[PDB]
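Inspection log for the structure reproduced underneath, given as structure tokens.
No Cβ is skipped: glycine too gets one built from the backbone with ideal geometry, and neighbour counts run over all protein chains shown. Only the coordinates and a few stated rules stand behind these numbers; no lab work does.
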Amino acid sequence: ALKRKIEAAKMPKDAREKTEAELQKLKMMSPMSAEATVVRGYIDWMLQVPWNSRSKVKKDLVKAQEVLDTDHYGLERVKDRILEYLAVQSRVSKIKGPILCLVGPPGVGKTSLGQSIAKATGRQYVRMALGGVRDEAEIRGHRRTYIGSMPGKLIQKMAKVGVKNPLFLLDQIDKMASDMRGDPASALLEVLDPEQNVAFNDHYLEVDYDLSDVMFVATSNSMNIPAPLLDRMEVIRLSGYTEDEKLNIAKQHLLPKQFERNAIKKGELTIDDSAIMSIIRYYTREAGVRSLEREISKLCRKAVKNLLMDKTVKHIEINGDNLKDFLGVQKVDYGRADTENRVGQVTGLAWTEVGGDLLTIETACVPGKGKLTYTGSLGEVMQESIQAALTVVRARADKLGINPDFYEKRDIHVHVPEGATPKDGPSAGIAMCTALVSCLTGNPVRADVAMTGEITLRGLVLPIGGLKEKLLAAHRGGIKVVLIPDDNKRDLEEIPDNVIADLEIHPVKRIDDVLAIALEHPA
Amino acid sequence: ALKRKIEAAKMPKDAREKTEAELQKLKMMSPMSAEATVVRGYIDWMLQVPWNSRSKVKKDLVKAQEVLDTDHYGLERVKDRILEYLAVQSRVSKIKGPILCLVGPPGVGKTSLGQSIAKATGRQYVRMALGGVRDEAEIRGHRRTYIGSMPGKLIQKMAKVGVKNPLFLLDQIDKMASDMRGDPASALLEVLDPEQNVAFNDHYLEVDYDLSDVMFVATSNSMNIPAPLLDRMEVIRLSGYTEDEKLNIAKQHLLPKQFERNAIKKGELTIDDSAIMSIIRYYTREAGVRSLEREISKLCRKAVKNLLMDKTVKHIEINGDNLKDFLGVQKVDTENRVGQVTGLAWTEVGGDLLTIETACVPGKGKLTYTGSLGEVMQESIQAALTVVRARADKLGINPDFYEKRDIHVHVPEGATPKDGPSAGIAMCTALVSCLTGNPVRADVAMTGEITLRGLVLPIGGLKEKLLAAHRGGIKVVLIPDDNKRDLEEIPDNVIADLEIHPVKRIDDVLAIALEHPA
Amino acid sequence: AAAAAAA
Ligand SMILES: Nc1ncnc2c1ncn2[C@@H]1O[C@H](COP(=O)(O)OP(=O)(O)OP(=O)(O)O)[C@@H](O)[C@H]1O
Ligand SMILES: Nc1ncnc2c1ncn2[C@@H]1O[C@H](COP(=O)(O)OP(=O)(O)OP(=O)(O)O)[C@@H](O)[C@H]1O
Ligand SMILES: [Mg+2]
Ligand SMILES: [Mg+2]
């Protein structure tokens, strides 16, 4: 009865020898006894686990890109990765299966992207959530000595799905526990090992199980992953969304499904680009699209109750002026450029994970005793950057037309007026220097100029990180000319075309180029 | 054996096949065993988890708004949200359960509001207090290999109700300890994500469970919730109450609730309006109504005791003057001062007034800050003093005041910590006033952040600051120019009583809030 | 009667 199940679900060599040796051990037992229950539990756990069953992975690349574009918008690098997997899989009968780590801010669609991938490749879909998981026996299990023992949840999900080609979605791989009491992140170090998945030995089913064709896609919010795990995964960085692609996600994906979730017919509610872009500019302040679809869903349910409570107006048209009639007061406000050329203030470009933002930097240089105060919730690298900038102004103050004993006679206060927000990094340093020169000369910084870059005591401008959201923040803010470092010219290769067309972008190499461009008068 | 309860439960395919594989496995086991006890425990949990039971929800909106208006007063944004849900629900069959986050001060009415939503939408009610939840095993549970293994506490309350659509009141989300010793806030990410509510996957019940049909209303006292949870939750801000709102809540909702709590019949106890207003002004200073039903509960049980001691009288009348006969002493309670302003402060408890005092004596330039100040407020006084040093010859100060005067900025808070940029303009007003002898006119509060060029930047928590200024006797309130868009969310009596002045820079502030022209 | 180790 059982040996036809063992021969039916055909195994490899060691699993068949272990299972038939286990049944031959069961043949000399009483049927209603504890060791018979442990042996029968090991046998039917060896029978539920798939050994040879697979799934026909798709081969058409055009229809696969049609599915990937049907579910999500943008995300070209991960879609390239899936189409390249389907090309190599179209040539080779069996390959190792990719191990991917999707890393990005929340709401950018990396959990639903997994089910999009499993639909577009034909592979079956398996999800396992690792958020806050502390027990390592969720992965490997326990020995069959223990009462009520069973394999790890990976083997349970493999036995549930029935095939040896699933897509595992490892949700929150960085929010796993890692201490002395619990470390499943080092238990995943065997199952994500790209060479040793051919023999995954867990604790209940002590045979070697092959996991060298399961596609692993892990989702995390940060690089706070142990360095052995990061080295075993292929990191794809999902950056935040811009205004145009939030407009396209809203028009192409969020509005039709929120119309579908609310029984809104085609001739009841209409939302144009003015309302969508007004939600993006004045209500969200996010990197994802989740509060965006919460605002859209709020518009839809308010439209529903306004179609039920009135029942004499049967078409509601939402646009740029009547959002406050539905959504209310604008929650946020983006930074804008200044209108007049003012002595002492510059506009650096700041970048957080929410996105880029303008960064006003102001300086007062009152006559005093050389006091140096720096306020505005500054970091320590930022304050070292202001000290370096002040040293560059101080060693160059004869050329700049500055009275060289200002370090004795004048008190300098660098302030960044957001106040409650902590701010750190050397990328404001060039900006700091410019502000100081203005506040030592009365030569006002022209307000249409933003800048970014790191300063050295020689006077040189060093590269910085994250130009794309800084330039999008300057384009949103109304800046017409920015100042990037020289060795970030390569990053200009991946900027959209309207941003390059609108911004007069000047790469700089040293500080007197910046003081030549960003000041109103010659220094 | 037990298949009558399995087919009697009408389970879905994976749960039915798994529990009948477990029961079929149980029959070939010998009884009186340990693992047979484990299997009977697991079947005993899966026979009492709701798989099909669904409560019929209410389609009527007028009866619904009648219910939420009969058991609460003026929580208009939340009651609007529930009418939105019940308006969408009449057009389709099933919706994902809305995931809400009620954020407000204590006593503002967030838990009883969950009882009101439960009684009004037709759903059943159970609450899970998240205060003190320190590990994921209270959400996902343990494997049945372990000895004391139960299916978390979500599935225990789903089984405790017995329906597929309850109203979980996830109470006190911000009271969770989510450090490295245990992070249950990361386990709620699967509970609150619509991408994965159709497969919850408890550790004890490894069958995928459907949480998409459960309405999630969660309560918090602040926005200090971790950011992957803030995205999955629609936050509704509930603000504090005025005095006439507290009078209407007390007179329309709290006094009847206390009368048939302490079995006071028709004509025994009578409390007028002035006694309630004297409890509001003289025995409370909160933003909620916790202490109102505390003091009213004291009045009711002292009334019942005074009716059982002395049966000569059959009616007790309380009129604002004999509150000393019941509560005893009261608990909590003008000229133009030089170097003293009253800024507005907004804690998580609510709004509060904020006295700010300076003293510029002849010294050598020291600069001392007292009053348990945060580092951002100290930087705000440094920025404010820099604004004063920048325009010294304009304002009429001798420009040697940085080296011939020394300045003490004290807030008479005492032992309460205070932090934020929002008092900054207040600082420099006092910094003008003590350096020129021009008295600050004492009916003026002010709020706003200091820019070194002299501008006034927006502040948050405007409504609670205006409510704190309305119960403090303030008449003129100086406001940043970019918060005037919030002025159409304020109660009309607050806008009617307070005189609001939106200002753009320091010269407007000194031109309004100083007595003599500068 | 038979002993059995639990975790
Ligand atoms: N490019 C896109 N096109 C269409 N929808 C998108 C896109 N990006 C995000 N979304 C939507 O945003 C929602 C949130 O995405 P999802 O939950 O899949 O990942 P995530 O929120 O980044 O994960 P986590 O919560 O772990 O950070 C999804 O419902 C998805 O539909
Ligand atoms: N608007 C209102 N109308 C009627 N009653 C109210 C209102 N607000 C509060 N109450 C009453 O106040 C009492 C206590 O409020 P509740 O316990 O809901 O405060 P809470 O917001 O839950 O406090 P916390 O945030 O500290 O948990 C309730 O019994 C409720 O009846
Ligand atoms: Mg996710
Ligand atoms: Mg409560």
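Taken residue by residue and averaged, Cβ atoms of other chains lying within 10 Å of the Cβ of A:134-141 number 3.
Across region B:230-236, coupling constants 3J(HN,Hα) worked out from phi with the 6.51/-1.76/1.60 Karplus curve, θ = phi - 60°, read 5, 6, 7, 10, 7, 8, 10 Hz, and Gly and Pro carry x. Packing, taken as the mean count of other beta carbons within 10 Å per residue, orders the peptides B:288-300, A:457-469 from highest to lowest as B:288-300, A:457-469. The mean count of C-beta atoms from other chains within 10 Å of the C-beta of residues in B:384-391, rounded to a whole number, is 3.
When peptides B:371-384, A:102-115 are ranked by their average number of other Cβ atoms within 10 Å per residue, the highest-first order is A:102-115, B:371-384. Expressed as a whole number of Å, what is the distance separating the alpha-carbon centroids of region A:249-298 and region A:323-369? Using only Cα atoms to place each centre, the spacing works out to 28 Å. Packing order of peptides A:348-355, B:42-49, highest average first: A:348-355, B:42-49 (average count of other Cβ atoms within 10 Å over each peptide's residues). For region B:204-283, the set of GluC sites (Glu not before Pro) satisfying both a DSSP loop assignment and a count of at most 10 other C-beta atoms within 10 Å is given as B:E260. When DSSP beta bridges are restricted to pairs lying wholly in chain B, around 35% turn out antiparallel.
Seen against the Cα atoms of chain A and their longest principal axis, helix A:290-308 is set at about 80 degrees. Applying the criteria of a DSSP loop state and at most 12 other Cβ atoms within 10 Å to the chymotrypsin sites (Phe, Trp or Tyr not before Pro) of region A:279-336 yields no site.
Scaled against the 2.2 N^0.38 Å expected of a compact globular protein of N residues, the Cα radius of gyration of region A:55-170 reads 1.22. Please report the spacing between the Cα centers of region B:84-145 and region B:382-437 in Å, no decimals. Region B:84-145 and region B:382-437 have Cα centres separated by 49 Å. Among the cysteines of chain A, those whose beta-carbon sits 4.7 Å or more from every other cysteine beta-carbon are A:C101, A:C300, A:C433.
The C-alpha atoms of chain A define a longest principal axis, and helix A:13-26 lies at about 50 degrees to it. State whether region B:183-254 is rounded, prolate or oblate according to the following rule on the C-alpha gyration tensor (a ≥ b ≥ c being the square roots of its eigenvalues): a/c under 1.5 gives rounded; otherwise a/b larger than b/c gives prolate, and the remaining case gives oblate. Since a/c reaches 1.5 and a/b is larger than b/c, the shape of region B:183-254 is classed as prolate. Once backbone amide H atoms are built at 1.01 Å from N, A:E234 has A:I99, A:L100, A:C101 as its partners under 5 Å, excluding neighbours fewer than 5 places away on the same chain. About the centre of its Cα atoms, region B:61-237 shows a dipole size close to 460 debye [charges on the beta carbon of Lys, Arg (+1) and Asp, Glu (-1) only; nearest 20 debye]. Shielding of peptide B:374-381 by partners, expressed as the average count of other chain Cβ atoms within 10 Å per residue Cβ, is 3.
Bridge orientation summary for region B:337-513: considering DSSP beta bridges with both residues in this region, about 55 percent are antiparallel.
Rg/Rh for the protein assembly as shown (Cα atoms only, Rh after Kirkwood) is 1.02. Each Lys and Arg adds +1 at its Cβ and each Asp and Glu adds -1 at its Cβ; summed about the Cα centre, chain B shows a dipole of about 2140 debye. Against the longest alpha carbon principal axis of chain A, how many degrees, from 0 to 90 and to the nearest 10, is the axis of helix A:61-71 turned? Taking the Cα atoms of chain A, the angle to A:61-71 is about 70 degrees.
Simple rule: put +1 on each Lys or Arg Cβ and -1 on each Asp or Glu Cβ in region B:61-237, find the dipole, and look at B:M128, B:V161, B:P194; the Cα lying farthest toward the positive end is B:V161.
Using C-alpha pairs under 8 Å with a sequence gap of at least 6, the mean separation divided by the residue count of region B:473-518 gives a relative contact order of 45 percent.
Looking at region A:332-425 alone, DSSP beta bridges between its own residues are antiparallel in about 70 percent of cases.
Normalised by the number of residues in chain A, the average gap of Cα pairs under 8 Å and 6 or more apart makes the relative contact order 11 percent.
Under conditions of 37 °C and 0.692 mPa s, region B:243-325 yields 253 µm² s⁻¹ as its translational diffusion coefficient, taking Rh as the Kirkwood radius over Cα pairs in the Stokes-Einstein equation. Computed on the Cα atoms alone, the convex hull of chain A gives a volume of 209 cubic angstrom per residue. Working from Cα pairs under 8 Å separated by at least six residues, relative contact order for region B:61-237 is 31 percent. The helix-based estimate of mean residue ellipticity at 222 nm for chain B, built from -39,500 (n - 2.57) per DSSP H run of four or more residues and divided by its residue count, is -10500 deg cm²/dmol to the nearest 500.
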